[PDB]
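Chemist: Below: one structure in structure tokens.
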Amino acid sequence: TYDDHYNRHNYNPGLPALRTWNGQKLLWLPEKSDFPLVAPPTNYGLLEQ
Amino acid sequence: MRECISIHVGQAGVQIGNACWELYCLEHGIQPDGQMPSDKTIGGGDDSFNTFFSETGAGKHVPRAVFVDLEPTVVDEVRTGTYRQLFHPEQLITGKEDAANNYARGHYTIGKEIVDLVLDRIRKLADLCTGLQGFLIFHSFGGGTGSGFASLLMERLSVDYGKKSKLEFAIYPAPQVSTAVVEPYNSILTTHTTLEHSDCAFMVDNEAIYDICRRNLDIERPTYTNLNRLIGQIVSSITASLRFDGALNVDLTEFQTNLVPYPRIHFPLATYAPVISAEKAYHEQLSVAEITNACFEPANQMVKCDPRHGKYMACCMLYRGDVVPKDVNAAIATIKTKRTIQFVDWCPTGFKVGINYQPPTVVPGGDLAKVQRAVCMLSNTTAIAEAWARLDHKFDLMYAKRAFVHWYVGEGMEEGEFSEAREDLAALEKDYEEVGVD
Amino acid sequence: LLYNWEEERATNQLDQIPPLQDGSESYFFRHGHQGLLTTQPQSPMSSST
Amino acid sequence: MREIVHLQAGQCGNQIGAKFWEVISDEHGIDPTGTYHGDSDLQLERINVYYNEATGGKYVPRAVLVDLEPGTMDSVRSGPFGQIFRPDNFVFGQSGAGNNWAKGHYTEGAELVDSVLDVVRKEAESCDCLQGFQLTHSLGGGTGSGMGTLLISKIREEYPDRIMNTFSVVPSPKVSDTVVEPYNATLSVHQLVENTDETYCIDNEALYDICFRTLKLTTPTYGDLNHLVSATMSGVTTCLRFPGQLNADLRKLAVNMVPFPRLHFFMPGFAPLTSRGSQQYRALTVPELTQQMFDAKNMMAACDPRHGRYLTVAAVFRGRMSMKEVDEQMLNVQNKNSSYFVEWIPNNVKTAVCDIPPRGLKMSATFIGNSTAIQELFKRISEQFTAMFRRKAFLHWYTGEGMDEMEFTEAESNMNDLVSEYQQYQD
Ligand SMILES: Nc1nc2c(ncn2[C@@H]2O[C@H](COP(=O)(O)OP(=O)(O)OP(=O)(O)O)[C@@H](O)[C@H]2O)c(=O)[nH]1
Ligand SMILES: Nc1nc2c(ncn2[C@@H]2O[C@H](COP(=O)(O)OP(=O)(O)OP(=O)(O)O)[C@@H](O)[C@H]2O)c(=O)[nH]1
């Protein structure tokens with residue numbers, strides 16, 4: 001989680017204004033319940049050395 | 001000059017300090033490497049960072065904070081983070097053993113052999129410092145390692161240094177939410193130890209912070225990053241006077257003298273007015289009037305205190321951004337004319353105003369608004385005693401059945417100190433209505 | 001025309017130093033403006049005693 | 001020749017003196033770099049009243065800036081005229097005030113009074129012969145009240161034969177911002193009445209009402225307020241620097257203004273205040289100046305003397321006027337409201353006419369007043385002092401500093417004696 005929010009600067013392929021009047025809750029919603037999962041998670045330099 | 005030292009005790013108290021420095025590095029444009037672009041700001045260490053960072057001839061901004069923790073998990077994790085090159089390694093004070101949520105264990109078992117080490121850090125930070133108005137302690141009442149270890153060190157820094165201020169910031173225990181039933185044990189233990197030494201204790205509660213998110217920010221599923229952003233914004237707002245100037249410049253010493261009315265009770269309440277979503281900022285307008293209504297609106301307080309159940313003593317409003325005295329002095333005058341806000345008759349005036357020209361800025365990847373005018377509301381009211389009133393009837397039962405005492409008496413402690421806090425507490429409520437009674 | 005119309009429209013032409021960045025009028029006019037004098041720049045040289 | 005040295009005290013006076021001195025530079029026509037653009041002989045002649053000479057035609061201001069907080073001093077130095085102020089004239093300290101009256105009166109001043117006295121006496125030896133001194137500060141200001149009271153006391157025994165002019169701004173009566181402000185004011189005013197001989201009382205709220213009235217510009221800057229007070233203080237000083245058959249000495253003014261020694265507090269009054277279209281809609285004529293000069297709305301100082309009566313009135317006119325119009329105008333107002341003066345003194349007007357118009361307008365004037373309008377002021381602070389002294393709020397600090405309710409008893413007792421005094425002479 002720290003890597004995502006702080007280091008990875010969160011999810012790139014996401015659309016920025018993915019939050020607006022929705023369906024059931026006819027308001028700003030479809031922003032984030034999915035959360036990033038992609039990209040090398042465990043690839044700092046100390047492992048290879 | 002005008003500098004201070006920030007303290008971060010407890011592994012829950014370090015990510016909040018992490019975010020603040022992350023927030024702090026933005027407004028000064030600090031690159032994660034530790035150096036500016038080719039623009040000339042490096043030297044002997046004298047610019048807007050000199051109050052926050054230590055960018056010496058070496059060229060690397062050194063934050064004037066020390067992160068202390070008892071468990072190496074998170075601290076090593078952030079030691080592998082993004083700005084770890086900025087962070088001085090051994091002021092990220094790591095630990096090899098935990099206090100097991102025990103105040104005394106962190107206060108007695110392990111705090112002794114570690115305080116001397118951090119004592120070397122503070123003095124070697126003291127020698128390089130010049131004016132060092134005071135301290136910035138980040139901690140928690142229900143601290144597994146925040147409670148006990150901070151208590152010893154604040155005793156030690158109080159006795160050796162009693163000529164400077166100490167600013168306290170801890171998450172207040174959730175009145176109805178408890179992740180630990182030992183939290184009432186250490187929390188009142190911390191309070192009774194700190195009442196005669198702490199200068200300015202500032203608290204906050206996460207539930208209403210959570211309640212804010214889906215009220216006006218309309219976030220039903222925020223995260224700590226948002227939570228840490230809000231509190232980091234709060235400390236950023238109060239520290240802008242050190243960073244920049246304004247129509248008038250205020251300081252913690254003015255805050256201390258004017259906020260705390262009488263000894264013991266030094267527990268005011270903060271608030272941030274333009275807590276609003278980005279979209280709401282777009283198609284609306286912000287001005288001093290409505291935010292002054294919002295700042296004094298009871299549901300905007302992060303502490304579950306109802307002002308009409310108490311009475312007001314002090315109100316410190318720190319206007320950061322583009323404001324004029326005209327509407328500000330008129331708006332507060334209207335507030336003085338309002339009937340519902342029941343200030344005590346003791347204080348005709350209870351308003352400490354601070355004006356700062358610098359507009360509050362947004363953070364990349366953030367969730368706040370594009371604030372032109374902001375204000376921080378440091379206020380103290382008598383509606384807070386119910387919180388301690390809540391704690392004691394929680395505490396009086398459990399102590400009467402003396403649960404978990406075998407853990408504390410097992411590690412060498414006893415009940416006499418536990419007895420002290422209850423009449424120490426009972427002293428706190430009894431004074432509260434005494435000052436509450438006109 | 002809103003409240004306080006006439007002068008606000010008229011002052012911008014006499015006040016020929018408008019800032020370009022948004023909201024910087026207070027930053028620009030932090031020192032102040034020219035209110036306590038005539039629009040003309042110079043009335044010295046009057047050897048009138 | 002007879003000169004004046006200025007003292008820039010308190011953090012408000014830091015803005016005041018900054019605005020006060022730049023107007024004078026603009027009035028006399030010196031560039032910000034300091035090379036005087038020789039334009040008027042009379043100001044060329046009479047700049048030595050306030051400015052000394054450095055090499056290169058640079059009029060050095062004979063003013064002293066004092067503070068504790070570097071940042072404010074850096075700002076004014078980075079101002080348009082910081083270069084004309086001397087680094088020598090920048091004396092300060094390494095500590096924070098806490099907006100504390102006692103710390104600046106016993107703790108921090110102790111190691112700074114030595115330095116400031118040396119600087120001023122060095123400046124005193126630099127100049128030849130002084131009328132006296134004037135001070136820009138505030139009575140409700142934390143450090144300003146602490147410093148000046150110490151300084152005015154020390155300079156009293158230093159030179160008890162000069163003019164101890166005091167220019168202090170009264171904080172807002174409705175809200176004082178600082179809660180301990182009444183303590184600071186009551187402490188300060190106790191020493192003030194003992195040490196001072198003249199006092200200007202200035203209130204921010206009235207200036208806000210003034211902006212609502214004639215400025216009509218909604219949002220001003222506090223420096224623009226500093227512009228207003230500087231213009232008034234410029235006018236009262238135009239008498240000394242400019243020729244014309246008017247007697248300018250403050251002693252000449254003070255004896256005509258002070259019937260009894262304990263009368264130190266005085267209220268200002270200024271001349272044409274003009275709105276957006278009325279510049280070209282104004283026939284600037286002595287009747288309408290006199291009418292606007294004696295307007296309760298035109299007043300700016302404390303609160304309406306309508307509540308009381310008028311002891312001494314003194315107005316200075318700056319422009320191309322004649323003795324006859326000022327004479328009849330006083331006769332006009334004398335007939336307009338005769339009973340509103342006190343029977344104790346008739347014909348209590350003191351007129352001086354400066355023949356040199358200001359740079360920007362011709363017909364102008366300044367008024368200094370001593371009327372029964374101050375009773376409400378210290379009566380107001382009386383209830384505040386008693387209410388907070390009723391249960392000793394915010395008191396552990398000063399006892400921690402080493403002060404006691406000892407000092408507060410006679411401080412208000414001295415203040416109370418003033419209440420009956422202003423009552424007794426009039427009522
Ligand atoms: N200050 C702070 N508190 C948090 C955070 N997240 C959760 N909390 C709450 O704060 C409490 C932290 O107290 P402790 O668990 O005693 O922290 P500690 O003393 O450093 O020692 P540990 O028990 O190892 O965490 C938790 O019980 C949470 O309820 C956070 O990010 N910062
Ligand atoms: N410089 C300045 N002062 C102001 C302004 N508005 C109000 N003031 C008041 O003017 C007072 C006088 O300043 P000082 O005498 O220098 O005060 P101090 O001793 O430095 O301590 P403080 O009163 O806390 O500032 C202050 O107390 C302010 O409350 C303003 O816009 N600029």
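So you can find residues: chains in the structure tokens are A, B, ... in the order shown, residues in each start at 1, and ligands are numbered from 1 in order.
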Ligand 2: which residues are within 7 Å, counting only C-alpha atoms and all ligand atoms, as number ranges by chain?

Modeler: B: 247-248; D: 9-15, 67, 97-100, 137-146, 171, 177-178, 222

Chemist: Could the residues in this selection be saved with N, CA, C and O atoms as a tab-separated table (two decimals), in the first residue's frame?

Modeler:
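Writing done, so here's again_34.tsv:
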chain	number	residue	atom	x	y	z
B	247	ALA	N	-0.78	39.70	7.10
B	247	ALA	CA	-1.10	41.03	7.61
B	247	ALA	C	-0.56	41.20	9.03
B	247	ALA	O	0.01	42.25	9.37
B	248	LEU	N	-0.73	40.18	9.86
B	248	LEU	CA	-0.06	40.08	11.15
B	248	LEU	C	0.47	38.67	11.30
B	248	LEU	O	-0.14	37.71	10.82
D	9	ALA	N	8.62	52.14	17.05
D	9	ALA	CA	8.48	51.13	18.09
D	9	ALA	C	7.24	50.30	17.84
D	9	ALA	O	6.33	50.72	17.12
D	10	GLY	N	7.21	49.10	18.43
D	10	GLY	CA	6.09	48.20	18.26
D	10	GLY	C	6.02	47.65	16.85
D	10	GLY	O	6.62	48.18	15.91
D	11	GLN	N	5.27	46.56	16.69
D	11	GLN	CA	5.25	46.03	15.33
D	11	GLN	C	4.30	46.81	14.43
D	11	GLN	O	4.50	46.85	13.22
D	12	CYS	N	3.28	47.47	15.01
D	12	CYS	CA	2.43	48.34	14.20
D	12	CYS	C	3.20	49.56	13.72
D	12	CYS	O	3.14	49.93	12.55
D	13	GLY	N	3.94	50.20	14.63
D	13	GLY	CA	4.74	51.35	14.25
D	13	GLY	C	5.76	51.00	13.18
D	13	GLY	O	6.25	51.89	12.47
D	14	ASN	N	6.09	49.72	13.05
D	14	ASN	CA	6.95	49.28	11.96
D	14	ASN	C	6.30	49.55	10.61
D	14	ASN	O	6.97	49.99	9.67
D	15	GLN	N	4.99	49.30	10.50
D	15	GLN	CA	4.29	49.73	9.29
D	15	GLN	C	4.13	51.24	9.28
D	15	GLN	O	4.24	51.88	8.22
D	67	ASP	N	12.58	46.42	17.36
D	67	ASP	CA	11.70	45.26	17.31
D	67	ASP	C	12.43	44.07	17.93
D	67	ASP	O	13.54	44.21	18.45
D	97	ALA	N	8.39	37.63	21.57
D	97	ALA	CA	7.70	38.43	22.58
D	97	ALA	C	6.67	37.62	23.34
D	97	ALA	O	6.54	37.75	24.57
D	98	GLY	N	5.91	36.78	22.65
D	98	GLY	CA	4.71	36.23	23.24
D	98	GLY	C	3.60	37.25	23.41
D	98	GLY	O	2.62	36.97	24.10
D	99	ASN	N	3.74	38.42	22.78
D	99	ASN	CA	2.82	39.54	22.96
D	99	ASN	C	2.66	39.86	24.45
D	99	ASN	O	1.57	40.19	24.92
D	100	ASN	N	3.76	39.77	25.18
D	100	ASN	CA	3.75	39.89	26.64
D	100	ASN	C	4.25	41.28	27.03
D	100	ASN	O	5.33	41.70	26.62
D	137	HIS	N	4.05	53.83	17.83
D	137	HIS	CA	3.87	52.57	18.54
D	137	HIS	C	2.38	52.40	18.81
D	137	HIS	O	1.55	53.16	18.29
D	138	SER	N	2.03	51.40	19.61
D	138	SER	CA	0.66	51.21	20.07
D	138	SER	C	0.65	50.96	21.57
D	138	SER	O	1.55	50.34	22.12
D	139	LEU	N	-0.41	51.46	22.21
D	139	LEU	CA	-0.63	51.20	23.63
D	139	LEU	C	-1.05	49.76	23.89
D	139	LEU	O	-0.67	49.19	24.92
D	140	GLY	N	-1.82	49.16	22.99
D	140	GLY	CA	-2.24	47.78	23.11
D	140	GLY	C	-1.29	46.78	22.49
D	140	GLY	O	-1.57	45.58	22.52
D	141	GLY	N	-0.16	47.24	21.94
D	141	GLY	CA	0.83	46.37	21.34
D	141	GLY	C	1.68	45.72	22.41
D	141	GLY	O	2.12	46.38	23.35
D	142	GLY	N	1.91	44.42	22.25
D	142	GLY	CA	2.68	43.66	23.22
D	142	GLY	C	4.06	44.22	23.47
D	142	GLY	O	4.36	44.66	24.58
D	143	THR	N	4.92	44.21	22.44
D	143	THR	CA	6.29	44.67	22.64
D	143	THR	C	6.36	46.19	22.67
D	143	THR	O	7.16	46.77	23.42
D	144	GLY	N	5.52	46.86	21.88
D	144	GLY	CA	5.57	48.31	21.81
D	144	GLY	C	5.26	48.97	23.14
D	144	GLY	O	5.94	49.92	23.54
D	145	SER	N	4.24	48.48	23.84
D	145	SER	CA	3.94	49.01	25.17
D	145	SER	C	5.08	48.73	26.14
D	145	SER	O	5.45	49.60	26.94
D	146	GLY	N	5.65	47.53	26.07
D	146	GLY	CA	6.75	47.19	26.97
D	146	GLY	C	7.99	48.02	26.71
D	146	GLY	O	8.64	48.50	27.64
D	171	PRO	N	-6.34	49.97	20.00
D	171	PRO	CA	-6.94	48.80	19.34
D	171	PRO	C	-8.45	48.92	19.26
D	171	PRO	O	-9.07	49.82	19.83
D	177	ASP	N	-8.71	41.48	19.65
D	177	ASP	CA	-7.90	40.36	19.20
D	177	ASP	C	-7.18	39.74	20.39
D	177	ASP	O	-7.56	38.67	20.87
D	178	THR	N	-6.14	40.42	20.87
D	178	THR	CA	-5.46	39.98	22.09
D	178	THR	C	-6.40	40.08	23.28
D	178	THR	O	-6.94	41.15	23.58
D	222	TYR	N	-3.96	47.82	5.00
D	222	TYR	CA	-3.61	48.46	6.26
D	222	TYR	C	-2.59	49.57	6.04
D	222	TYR	O	-2.56	50.55	6.79

Chemist: Could you tell me, counting only C-alpha atoms and all ligand atoms, which protein and nucleic acid residues lie no more than 7 Å from ligand 1, written as a PDB file with N, CA, C and O atoms, in the first residue's frame?

Modeler:
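As a result, pocket-v1.pdb now contains:
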ATOM      1  N   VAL B   9       6.274   9.760  17.725  1.00  0.00           N
ATOM      2  CA  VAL B   9       6.381   8.558  18.544  1.00  0.00           C
ATOM      3  C   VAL B   9       5.175   7.665  18.279  1.00  0.00           C
ATOM      4  O   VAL B   9       4.040   8.148  18.200  1.00  0.00           O
ATOM      5  N   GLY B  10       5.430   6.365  18.122  1.00  0.00           N
ATOM      6  CA  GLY B  10       4.384   5.402  17.833  1.00  0.00           C
ATOM      7  C   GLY B  10       4.298   5.072  16.357  1.00  0.00           C
ATOM      8  O   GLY B  10       4.332   5.992  15.537  1.00  0.00           O
ATOM      9  N   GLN B  11       4.189   3.786  15.986  1.00  0.00           N
ATOM     10  CA  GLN B  11       4.223   3.473  14.561  1.00  0.00           C
ATOM     11  C   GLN B  11       2.988   4.001  13.854  1.00  0.00           C
ATOM     12  O   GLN B  11       3.004   4.170  12.632  1.00  0.00           O
ATOM     13  N   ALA B  12       1.909   4.227  14.600  1.00  0.00           N
ATOM     14  CA  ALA B  12       0.774   4.952  14.053  1.00  0.00           C
ATOM     15  C   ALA B  12       1.060   6.449  13.999  1.00  0.00           C
ATOM     16  O   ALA B  12       0.415   7.188  13.246  1.00  0.00           O
ATOM     17  N   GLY B  13       2.026   6.917  14.791  1.00  0.00           N
ATOM     18  CA  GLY B  13       2.344   8.334  14.790  1.00  0.00           C
ATOM     19  C   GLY B  13       3.430   8.719  13.804  1.00  0.00           C
ATOM     20  O   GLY B  13       3.843   9.881  13.761  1.00  0.00           O
ATOM     21  N   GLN B  15       3.518   7.522  10.255  1.00  0.00           N
ATOM     22  CA  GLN B  15       3.009   7.745   8.904  1.00  0.00           C
ATOM     23  C   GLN B  15       2.365   9.119   8.789  1.00  0.00           C
ATOM     24  O   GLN B  15       2.382   9.725   7.712  1.00  0.00           O
ATOM     25  N   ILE B  16       1.798   9.623   9.887  1.00  0.00           N
ATOM     26  CA  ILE B  16       1.269  10.980   9.889  1.00  0.00           C
ATOM     27  C   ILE B  16       2.400  11.986   9.725  1.00  0.00           C
ATOM     28  O   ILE B  16       2.269  12.971   8.990  1.00  0.00           O
ATOM     29  N   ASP B  69      10.293   4.655  16.944  1.00  0.00           N
ATOM     30  CA  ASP B  69       9.353   3.546  16.897  1.00  0.00           C
ATOM     31  C   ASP B  69       9.990   2.342  17.575  1.00  0.00           C
ATOM     32  O   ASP B  69      11.213   2.255  17.712  1.00  0.00           O
ATOM     33  N   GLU B  71       8.920  -1.006  16.694  1.00  0.00           N
ATOM     34  CA  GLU B  71       8.829  -2.165  15.820  1.00  0.00           C
ATOM     35  C   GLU B  71       9.414  -1.824  14.460  1.00  0.00           C
ATOM     36  O   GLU B  71       8.991  -0.836  13.839  1.00  0.00           O
ATOM     37  N   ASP B  98       8.503  -4.502  21.221  1.00  0.00           N
ATOM     38  CA  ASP B  98       7.306  -3.686  21.358  1.00  0.00           C
ATOM     39  C   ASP B  98       6.976  -3.486  22.833  1.00  0.00           C
ATOM     40  O   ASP B  98       7.497  -4.175  23.714  1.00  0.00           O
ATOM     41  N   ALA B  99       6.097  -2.523  23.097  1.00  0.00           N
ATOM     42  CA  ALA B  99       5.581  -2.303  24.441  1.00  0.00           C
ATOM     43  C   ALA B  99       4.319  -3.104  24.725  1.00  0.00           C
ATOM     44  O   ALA B  99       3.808  -3.045  25.849  1.00  0.00           O
ATOM     45  N   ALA B 100       3.812  -3.845  23.735  1.00  0.00           N
ATOM     46  CA  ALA B 100       2.638  -4.704  23.898  1.00  0.00           C
ATOM     47  C   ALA B 100       1.441  -3.920  24.428  1.00  0.00           C
ATOM     48  O   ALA B 100       0.710  -4.381  25.307  1.00  0.00           O
ATOM     49  N   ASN B 101       1.262  -2.705  23.903  1.00  0.00           N
ATOM     50  CA  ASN B 101       0.144  -1.836  24.257  1.00  0.00           C
ATOM     51  C   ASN B 101       0.181  -1.427  25.725  1.00  0.00           C
ATOM     52  O   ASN B 101      -0.747  -0.775  26.214  1.00  0.00           O
ATOM     53  N   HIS B 139       1.777  11.865  18.573  1.00  0.00           N
ATOM     54  CA  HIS B 139       1.613  10.679  19.400  1.00  0.00           C
ATOM     55  C   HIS B 139       0.147  10.268  19.387  1.00  0.00           C
ATOM     56  O   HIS B 139      -0.636  10.702  18.538  1.00  0.00           O
ATOM     57  N   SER B 140      -0.215   9.406  20.335  1.00  0.00           N
ATOM     58  CA  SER B 140      -1.570   8.891  20.440  1.00  0.00           C
ATOM     59  C   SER B 140      -1.850   8.491  21.880  1.00  0.00           C
ATOM     60  O   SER B 140      -0.985   7.941  22.568  1.00  0.00           O
ATOM     61  N   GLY B 142      -4.166   6.195  22.965  1.00  0.00           N
ATOM     62  CA  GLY B 142      -4.184   4.748  23.005  1.00  0.00           C
ATOM     63  C   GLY B 142      -2.968   4.165  22.319  1.00  0.00           C
ATOM     64  O   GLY B 142      -3.080   3.246  21.503  1.00  0.00           O
ATOM     65  N   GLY B 143      -1.798   4.699  22.651  1.00  0.00           N
ATOM     66  CA  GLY B 143      -0.554   4.313  22.016  1.00  0.00           C
ATOM     67  C   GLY B 143      -0.032   3.010  22.596  1.00  0.00           C
ATOM     68  O   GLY B 143       0.274   2.925  23.786  1.00  0.00           O
ATOM     69  N   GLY B 144       0.061   2.004  21.736  1.00  0.00           N
ATOM     70  CA  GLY B 144       0.794   0.806  22.077  1.00  0.00           C
ATOM     71  C   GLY B 144       2.245   1.146  22.342  1.00  0.00           C
ATOM     72  O   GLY B 144       2.835   0.648  23.304  1.00  0.00           O
ATOM     73  N   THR B 145       2.836   1.998  21.503  1.00  0.00           N
ATOM     74  CA  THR B 145       4.155   2.534  21.826  1.00  0.00           C
ATOM     75  C   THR B 145       4.146   4.048  21.950  1.00  0.00           C
ATOM     76  O   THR B 145       5.125   4.630  22.434  1.00  0.00           O
ATOM     77  N   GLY B 146       3.070   4.697  21.515  1.00  0.00           N
ATOM     78  CA  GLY B 146       2.925   6.129  21.677  1.00  0.00           C
ATOM     79  C   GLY B 146       2.772   6.555  23.122  1.00  0.00           C
ATOM     80  O   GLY B 146       3.362   7.551  23.545  1.00  0.00           O
ATOM     81  N   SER B 147       1.976   5.811  23.890  1.00  0.00           N
ATOM     82  CA  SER B 147       1.657   6.193  25.262  1.00  0.00           C
ATOM     83  C   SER B 147       2.873   6.176  26.182  1.00  0.00           C
ATOM     84  O   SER B 147       3.282   7.222  26.696  1.00  0.00           O
ATOM     85  N   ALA B 170      -2.156  14.430  19.564  1.00  0.00           N
ATOM     86  CA  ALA B 170      -2.478  13.016  19.648  1.00  0.00           C
ATOM     87  C   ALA B 170      -3.904  12.778  19.174  1.00  0.00           C
ATOM     88  O   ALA B 170      -4.777  13.634  19.331  1.00  0.00           O
ATOM     89  N   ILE B 171      -4.130  11.601  18.590  1.00  0.00           N
ATOM     90  CA  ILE B 171      -5.482  11.201  18.225  1.00  0.00           C
ATOM     91  C   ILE B 171      -6.268  10.908  19.496  1.00  0.00           C
ATOM     92  O   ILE B 171      -5.848  10.101  20.337  1.00  0.00           O
ATOM     93  N   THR B 179     -10.532  -0.389  19.627  1.00  0.00           N
ATOM     94  CA  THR B 179      -9.719  -1.484  19.120  1.00  0.00           C
ATOM     95  C   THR B 179      -8.942  -2.186  20.222  1.00  0.00           C
ATOM     96  O   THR B 179      -8.285  -3.197  19.952  1.00  0.00           O
ATOM     97  N   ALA B 180      -8.993  -1.662  21.446  1.00  0.00           N
ATOM     98  CA  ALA B 180      -8.349  -2.276  22.596  1.00  0.00           C
ATOM     99  C   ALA B 180      -9.059  -1.827  23.863  1.00  0.00           C
ATOM    100  O   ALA B 180      -9.312  -0.637  24.062  1.00  0.00           O
ATOM    101  N   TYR B 224      -6.343   6.204   4.928  1.00  0.00           N
ATOM    102  CA  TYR B 224      -5.416   6.987   5.745  1.00  0.00           C
ATOM    103  C   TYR B 224      -4.758   8.114   4.974  1.00  0.00           C
ATOM    104  O   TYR B 224      -4.591   9.212   5.516  1.00  0.00           O
TER     105      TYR B 224
END

Chemist: May I ask you to extract the residues of chain B within 10 Å of chain D, using only C-alpha atoms, and to give them as a ChimeraX atom specification?

Modeler: /B:1-2,130-131,133,242,244-245,247-263,314,316,323-327,329,332-333,336,345-354

Chemist: Counting only C-alpha atoms, what is within 10 Å of residue 279 of chain B, bar same-chain residues fewer than 5 positions away, as an MDAnalysis selection string?

Modeler: (chainID A and resid 19:20 28) or (chainID B and resid 217 284 369:370)

Chemist: Since we have the selection now, will you write its residues out, keeping N, CA and C atoms, as a PDB file, in the first residue's frame?

Modeler:
ATOM      1  N   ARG A  19     -15.669  10.132 -11.699  1.00  0.00           N
ATOM      2  CA  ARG A  19     -16.500  10.369 -10.531  1.00  0.00           C
ATOM      3  C   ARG A  19     -17.533  11.431 -10.874  1.00  0.00           C
ATOM      4  N   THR A  20     -18.787  11.012 -11.010  1.00  0.00           N
ATOM      5  CA  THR A  20     -19.859  11.891 -11.449  1.00  0.00           C
ATOM      6  C   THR A  20     -21.185  11.204 -11.172  1.00  0.00           C
ATOM      7  N   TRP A  28     -21.619  11.348  -7.585  1.00  0.00           N
ATOM      8  CA  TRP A  28     -20.202  11.047  -7.747  1.00  0.00           C
ATOM      9  C   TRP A  28     -19.821   9.719  -7.106  1.00  0.00           C
TER      10      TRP A  28
ATOM     11  N   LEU B 217     -17.039  16.116   1.420  1.00  0.00           N
ATOM     12  CA  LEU B 217     -16.147  15.532   0.429  1.00  0.00           C
ATOM     13  C   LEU B 217     -16.808  14.396  -0.338  1.00  0.00           C
ATOM     14  N   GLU B 284     -19.378  26.761  -7.138  1.00  0.00           N
ATOM     15  CA  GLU B 284     -19.787  27.587  -6.009  1.00  0.00           C
ATOM     16  C   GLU B 284     -18.737  28.661  -5.739  1.00  0.00           C
ATOM     17  N   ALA B 369      -9.671  20.752  -1.852  1.00  0.00           N
ATOM     18  CA  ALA B 369     -10.218  21.751  -2.750  1.00  0.00           C
ATOM     19  C   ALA B 369      -9.138  22.765  -3.130  1.00  0.00           C
ATOM     20  N   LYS B 370      -9.472  23.652  -4.062  1.00  0.00           N
ATOM     21  CA  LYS B 370      -8.587  24.717  -4.532  1.00  0.00           C
ATOM     22  C   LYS B 370      -8.903  25.955  -3.697  1.00  0.00           C
TER      23      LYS B 370
END

Chemist: Sorted by chain and rising residue number, list the residues of chain B at most 10 Å from chain A (counting only C-alpha atoms), each with its closest atom pair and distance in Å to one decimal, as CSV.

Modeler:
residue,atom,partner,partner_atom,distance
B:15,CA,A:2,CA,9.7
B:18,CA,A:6,CA,9.9
B:19,CA,A:6,CA,9.0
B:22,CA,A:6,CA,8.9
B:74,CA,A:2,CA,9.7
B:77,CA,A:2,CA,8.3
B:78,CA,A:2,CA,8.1
B:80,CA,A:44,CA,8.7
B:81,CA,A:7,CA,6.9
B:82,CA,A:7,CA,6.0
B:83,CA,A:7,CA,9.4
B:218,CA,A:28,CA,7.6
B:219,CA,A:29,CA,8.5
B:220,CA,A:29,CA,9.0
B:221,CA,A:33,CA,8.0
B:222,CA,A:32,CA,9.4
B:225,CA,A:5,CA,7.5
B:279,CA,A:20,CA,9.4
B:364,CA,A:9,CA,8.9
B:365,CA,A:9,CA,7.0

Chemist: I'd like the contact shell of segment 27-43 of chain C - 8 Å cut-off, only C-alpha atoms, skipping same-chain residues fewer than 4 positions apart - returned as a list in words.

Modeler: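 So, after excluding close chain neighbours, the residues are residues 14, 18, 19 and 23 of chain C; 220, 221, 223, 224, 359, 360 and 361 of chain D.
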
Chemist: Can you list, as a PyMOL selection string, all residues belonging to segment 39-254 of chain B that DSSP tags as alpha helix (DSSP H)?

Modeler: chain B and resi 72-79+103-104+111-128+146-160+183-194+206-215+224-243+252-254

Chemist: Quick check: residues of chain B within 12 Å of chain C, only C-alpha atoms, returned as a ChimeraX atom specification.

Modeler: /B:246-247,321-324,356-359,371-373

Chemist: Restricting the output to C-alpha atoms, write the selected residues as a JSON list (two decimals), in the first residue's frame.

Modeler:
[["chain", "number", "residue", "atom", "x", "y", "z"],
["B", 246, "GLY", "CA", 0.75, 37.89, 6.56],
["B", 247, "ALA", "CA", -1.10, 41.03, 7.61],
["B", 321, "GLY", "CA", -5.12, 33.24, 1.91],
["B", 322, "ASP", "CA", -6.67, 36.35, 0.38],
["B", 323, "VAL", "CA", -8.81, 38.16, 2.97],
["B", 324, "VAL", "CA", -9.41, 41.77, 3.97],
["B", 356, "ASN", "CA", -1.62, 34.97, 6.10],
["B", 357, "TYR", "CA", -1.43, 36.01, 2.45],
["B", 358, "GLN", "CA", -0.25, 32.68, 1.04],
["B", 359, "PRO", "CA", -3.18, 30.80, -0.55],
["B", 371, "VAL", "CA", -8.67, 27.00, -1.50],
["B", 372, "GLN", "CA", -8.28, 30.75, -1.90],
["B", 373, "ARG", "CA", -9.43, 31.57, 1.65]]
